[PDB]
Ligand SMILES: Nc1ncnc2c1ncn2[C@@H]1O[C@H](COP(=O)(O)OP(=O)(O)OP(=O)(O)O)[C@@H](O)[C@H]1O
Ligand SMILES: Nc1ncnc2c1ncn2[C@@H]1O[C@H](COP(=O)(O)OP(=O)(O)OP(=O)(O)O)[C@@H](O)[C@H]1O
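Chains as they are written, first to last, in the deposited numbering: chain C, 156 to 162, 172 to 236, 248 to 288, 295 to 387; chain B, 3 to 112, 126 to 161, 174 to 240, 249 to 288, 293 to 342, 348 to 444; chain A, 3 to 114, 123 to 162, 172 to 238, 248 to 288, 295 to 446; chain D, 3 to 307.
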């Protein structure tokens with residue numbers, strides 16, 4: 156990989181396989197272990213697919229909740256407040272992070288003046310469904326990042342998106358807040374990253 | 003903004019002089035063979051891009067460039083101690099004189128250019144760039160497909188036609204397809220964010236309608260039918276089902296809150312439809328401009349995103365199967381689009397491989413997109429310049 | 003001779019068929035964008051040159067070509083057991099058939123000496139006389155192509180340019196056979212040398228025969253004026269640039285007469307010898323002067339002409355300026371070079387071919403476009419010219435030879 | 003210049019599959035484009051101008067009508083092209099009263115003539131002139147000037163036609179454009195009387211011949227029908243004459259309030275570009291089509307294409 160980086173993927177490895185078979189004879193198989201750039205592109209594609217599924221599930225959930233809500248207490252508000260605080264303070268909800276204000280407006284609407298409890302429980306169920314679908318969509322990626330970040334000490338692999346740039350940035354995050362690409366990892370960290378992605382569900386069945 | 007308004011040429015190629023006065027929106031240069039149309043375009047492109055290091059390869063005496071805002075650049079080629087020196091003098095009085103041989107050495111190696132770009136960045140001479148369409152677009156596109176593309180193609184073309192040739196930076200069709208895919212992804216993510224907003228907004232809106240005191252169902256039916264039959268929707272397209280469920284529950288059961300919820304639902308449907316339309320506004324405008332020219336095919340998207353050509357039998361084909369004239373039509377329409385790069389569009393011979401029915405409408409469809417950019421074309425065809433004879437410029441150089 | 007008359011296409015790119023009927027003199031082909039004009043020209047150029055191995059790179063079903071003399075070539079692409087095969091069948095029953103993978107392998111071996127398939131193709135086209143007429147192919151990208159060629172080509176030697184152009188525009192593209200201006204200059208020099216050598220042989224024969232007729236017939249005021257005019261016209265011609273002393277000889281002969295029947299015969303055979311030499315000079319330089327008069331009808335501030343100097347023996351061919359300067363033909367602009375090549379291809383000096391020009395309006399001013407086809411047809415070569423153009427200034431005045439192309443799209 | 007010849011354009015007609023229309027000038031193209039886009043904003047008709055077609059003949063070089071007639075004659079029977087010309091004073095009788103021998107749009111195998119003298123005669127409906135002048139005015143004394151102008155416009159058409167006929171009798175068509183000034187005009191009770199000013203930049207011979215022709219033609223125009231009279235007025239002449247007539251009525255009725263302001267507004271109106279006036283009249287004319295039955299347009303030509 157140092158020879159390759161000074162000049172590859174699972175499917176496009178002709179020069180690396182040619183160099184390896186030149187060095188070690190032609191019985192040597194093809195170099196099928198992935199590159200970190202391939203891992204980064206796979207992460208970005210999985211994040212985009214998760215976002216698309218989240219949007220579709222949000223549309224379906226809105227449709228189902230509006231169907232459920234028509235033709236029809249305090250603890251519900253406390254649970255909804257905790258859910259709103261959790262979703263507001265989540266990295267995945269960087270595209271929309273104004274749930275606690277929504278909860279406060281709901282509480283002020285209730286507080287200024295039964296059938297409202299059904300709307301409360303279907304709203305809580307919708308928030309729970311969204312939070313679970315976020316975990317359902319990000320289960321493979323969160324499991325992979327939990328496996329990776331269990332080894333890294335002064336950095337963590339993390340994702341960050343924006344409404345300024347629509348390109349979610351994935352790379353090394355320091356506790357001081359700096360962002361770095363994945364190429365700044367050392368040899369051992371890159372080896373751990375590739376071996377964990379090879380054993381991950383995100384990788385292809387092999 | 004800033005538009006080119008005057009170009010003066012003195013003893014260029016030691017052969018002729020030529021002063022041209024421009025309009026700020028459209029200029030149609032025409033003239034006889036060898037009149038210096040292409041050389042004028044090269045001088046304008048090199049001046050506007052700020053690539054003054056090209057001027058070491060041009061034999062001239064003095065070149066004056068005047069912009070619209072009054073900024074004036076005078077470029078001279080002086081001779082001292084049997085060495086040629088290029089002198090650039092602004093209207094501010096700041097100037098830079100550099101030797102020709104050093105510029106030639108930096109070209110053969112590819126320091127002085129760092130000083131040049133420091134001078135340019137200091138004086139904001141790269142405020143507006145220029146997109147240069149050469150007369151050899153087709154073979155250059157065929158060569159490059161067999174800004175890094177800009178750099179390599181610029182090097183190869185300067186290898187063939189001399190080093191004074193400006194940087195080729197028109198949008199190639201592969202770049203156009205890639206940028207179209209990027210715009211589709213941005214529109215999808217904006218739609219997702221809009222759904223998450225209107226989700227949380229509509230929850231408190233329905234919650235607001237708890238304590239507030249016919250044709251609505253038909254309008255909701257029309258909106259759900261339109262949204263379900265929309266190509267911009269590929270996922271969660273079952274609004275007809277929930278509409279049928281809603282009308283069934285209505286027919287089973293009258294509260295004003297039900298009507299208010301219908302109002303909220305109708306507003307949410309039409310607002311999502313409005314954001315879905317406004318997110319894909321630029322892409323639909325560009326493809327509507329393109330599909331007004333193509334006869335038996337249609338460039339369209341259908342979502348991973350797929351960008352291609354629909355044929356009337358429904359089959360799909362890539363953009364690479366298009367002809368030469370259709371690819372040139374795509375590039376020239378993308379350069380004048382709003383999603384195209386803001387520059388001064390310089391096209392050399394736009395009539396190449398174009399049927400006359402497209403040549404008559406090329407300038408009309410480029411200017412009707414309201415890009416606000418300045419377009420300067422050099423043409424031999426009267427059908428390009430028809431309907432815009434007020435902007436025709438006839439150049440008759442004074443040969444010495 | 004043999005001229006093309008009908009091209010029958012079947013499912014080009016599996017979507018359209020085409021059938022075009024041609025004229026034997028001039029065919030101005032126009033159509034919409036993407037109609038299949040360049041594809042039609044490529045098909046004709048591949049068929050006439052006999053380069054059937056190109057047809058493995060086109061998706062089609064059946065291609066029939068009818069010529070004027072009745073010879074029909076039918077090319078059929080079939081798919082037997084997922085293996086695609088090209089079968090070429092002529093009208094006399096002779097046929098060949100090969101595999102597409104075999105053709106691709108042959109092309110790959112060319113990318114590295124004839125193959126077995128190339129030898130079989132050459133045997134098939136030679137024994138069937140499939141290469142009677144050549145085909146000069148002028149591509150649409152020739153302006154950048156000759157700049158590429160002039161930075162590193173001839174009709175017989177265009178291997179590198181054909182390989183580069185087939186790399187850029189696909190392997191169906193025919194070989195780039197159109198003449199370069201260097202080839203035009205070399206051919207002009209050879210024609211001038213051949214005309215001079217024929218003139219020298221004519222000088223020897225006329226000298227011997229005139230001496231015999233003089234000596235046999237040995238045992248007038250108007251005649252001297254006529255001989256004076258002929259000697260002045262002989263002295264004032266560029267073709268006599270190696271010897272230009274006719275007026276001096278005339279004055280010596282007139283002084284010989286003036287100082288003091296049978297001499298009248300010597301005078302009239304002198305007039306006849308001068309007339310015969312002048313007419314053989316016009317005949318031997320007929321094609322060159324006609325071609326240069328066709329070219330110089332377009333050029334404004336220069337004219338192409340030849341010059342002979344007695345010290346050197348290389349006849350100088352090139353551009354002449356009104357100030358007396360001489361420049362070679364490579365200092366022409368792009369449009370003037372296009373005029374030069376497209377007028378040499380329609381000349382009598384060029385090879386017998388079918389002139390295929392794609393987009394003749396490239397880099398031409400509107401004044402030259404109105405006269406290009408007139409000056410190509412005025413040389414009376416007898417060619418069959420097929421031009422694919424978008425310019426109405428090219429096609430003006432020739433609406434009887436205009437052919438519209440409308441392919442038929444088939445649904446599926 | 004960079005332009006097509008007659009033969010090249012005829013070949014272009016053979017090659018192009020669009021629906022085409024050929025008119026003389028660019029102003030006719032702009033007006034007809036507005037007319038077409040009103041009925042069909044997505045229409046694909048392309049309008050060419052004979053002004054931008056080079057002619058080898060010196061006489062045919064600047065004779066637009068001769069170019070159109072030549073082209074139409076050489077492609078007589080084509081389907082994709084229609085022609086429009088200006089009738090001028092053709093088919094008009096000057097036998098002591100103005101008589102129109104056609105009284106309808108001419109048609110001969112996609113060759114059409116304007117109903118009036120030229121294309122600008124469609125603008126000579128009084129409502130269009132009112133609307134256009136009201137929209138394009140100094141906005142100082144517009145309402146009273148428009149009211150006075152509306153009074154003058156009924157009888158002024160006879161004066162304008164007499165001026166045009168006097169111009170064509172001495173063949174000095176452009177003479178009233180620079181000879182007559184708005185100050186010479188006097189605003190009467192619906193009529194006007196262009197006094198022969200003693201001082202003129204032009205020579206007295208032309209001025210005297212012009213007034214002799216005007217005097218000899220004025221009773222004949224008076225005896226003619228008003229409706230027929232509004233169509234024989236020259237298109238280019240009439241625009242300027244109306245501009246001066248409005249400058250005169252504006253200064254006449256606005257001087258009492260402020261002579262200097264009225265003079266400035268009147269001179270400002272007289273200094274308005276002809277193109278601005280024609281475009282405003284064209285837009286107003288387009289708007290009045292279909293609203294008023296008295297507004298005409300080449301309906302047959304639009305139907306044909
Ligand atoms: N070194 C040179 N490089 C380029 N042009 C030169 C040079 N020396 C002289 N010239 C002349 O400068 C003129 C400019 O050529 P150019 O190609 O720009 O012409 P043009 O007016 O754009 O027309 P066209 O596209 O028909 O050639 C030509 O007449 C050419 O002969
Ligand atoms: N490899 C391919 N696969 C499918 N369709 C193709 C392929 N190559 C070309 N085509 C299509 O077939 C037609 C080929 O026409 P051709 O290349 O001759 O066009 P042209 O005459 O050069 O056109 P233009 O006037 O636009 O320059 C076009 O419709 C083109 O889109």
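Don't be surprised by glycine CBs; every beta carbon is placed ideally from N, CA and C.
- Cβ contact annotation for residue 195 (chain B) (same chain, cutoff 8 Å, sequence separation greater than five): 147, 149, 155, 177, 180, 181 and 184, in chain order.
- Between residue 53 (chain D) and residue 93 (chain D) a beta carbon distance of about 24 Å is seen, past the 8 Å cut, so the two are scored as non-contacting.
- Taking 8 Å as the cut-off, the Cβ atoms of residue 18 (chain A) and residue 441 (chain A) count as close.
- Within the stretch 48-70 of chain B, no residue has a Cβ lying closer than 8 Å to any Cβ of chain C.
- Taking residue 260 (chain B) as reference, the option from B:270, B:276 and B:91 with the minimal CA-CA separation is B:276.
- Judged by DSSP in its simplified three-state form, residue 436 (chain A) adopts strand.
- If you check the C-beta of residue 37 (chain A) against ligand 2, you find a heavy atom less than 7 Å away.
- The Cβ of residue 213 (chain B) sits closer than 8 Å to at least one Cβ of chain C.
- Rounded to whole angstroms, the gap between the alpha carbons of residue 210 (chain C) and residue 313 (chain C) is 17 Å.
- When rounded, the separation of the alpha-carbon atoms in residue 43 (chain B) and residue 390 (chain B) is 7 Å.
- Taking the C-beta atoms as reference points, residue 107 (chain A) is found no nearer than 8 Å to residue 87 (chain A).
- In this structure, A:379 is the residue among A:123, A:331 and A:379 with its C-alpha nearest to the C-alpha of residue 416 (chain A).
- Taking a cut-off of 8 Å for Cβ pairs, the stretch 163-178 of chain D and the stretch 233-248 of chain D touch, as three or more such pairs fall below it.
- Not one heavy atom of ligand 2 falls within 7 Å of the beta-carbon of residue 368 (chain C).
- At least one C-beta of chain D is nearer than 8 Å to the C-beta of residue 433 (chain A).
- Rounded to the nearest whole angstrom, the CA to CA distance from residue 388 (chain A) to residue 144 (chain A) is 6 Å.
- Counting only Cβ-Cβ distances below 8 Å, residue 154 (chain B) has contacts in chain A at 151, 154, 155 and 187, in chain order.
- Residue 32 (chain B) is a Cβ neighbour of residue 4 (chain D), given a cutoff of 8 Å.
- Annotation: the continuous alpha helix (DSSP H) that includes residue 306 (chain D) extends over 301-306.
- Contact annotation for residue 32 (chain A) against chain D: 17 [CB-CB distance below 7 Å, chain order].
- In the DSSP annotation of this structure, the continuous segment of the alpha helix (DSSP H) that includes residue 178 (chain C) starts and ends at 178-188.
- For residue 14 (chain B), the pairing in a beta bridge is given by DSSP as B:18.
- Cβ-Cβ separation between residue 6 (chain D) and residue 425 (chain A): approximately 10 Å, too far for a contact (criterion under 8 Å).
- Excluding its 5 nearest sequence neighbours in each direction, residue 73 (chain B) has C-beta neighbours in its own chain below 7 Å: 93, listed in chain order.
- In the DSSP assignment, residue 352 (chain C) is bridged to C:339.
- Taking the Cα of residue 188 (chain D) as reference, the smallest distance to any Cα among D:95, D:255, D:295 and D:75 is reached at D:255.
- Contact of residue 175 (chain C) with chain B by beta-carbon distance below 8 Å is absent, the smallest such distance being about 17 Å.
- Relative to ligand 1, the beta carbon of residue 32 (chain A) is positioned no closer than 7 Å to any heavy atom.
- Using beta-carbon distances, residue 198 (chain D) does not count as an interface residue toward chain B, since no partner is under 8 Å.
- For residue 228 (chain B), the closest alpha carbon among the candidates C:227, C:173 and C:273 is that of C:273.
- Among the CB atoms of chain B, none fall inside 8 Å of the CB of residue 284 (chain D).
- For a Cβ distance threshold of 7 Å, residue set 271 of chain B lies close to residue 224 (chain C), ordered along the chain.
- Fewer than three pairs of CB atoms, one per stretch, sit closer than 8 Å, so the stretch 193-203 of chain D makes no contact with the stretch 278-297 of chain D.
- Under the three-pair Cβ rule at 8 Å, the stretch 127-143 of chain A counts as touching the stretch 42-56 of chain A.
- For residue 208 (chain D), the three-state secondary structure derived from DSSP is helix.
- When secondary structure is reduced to three states using DSSP, residue 145 (chain B) falls in the strand class.
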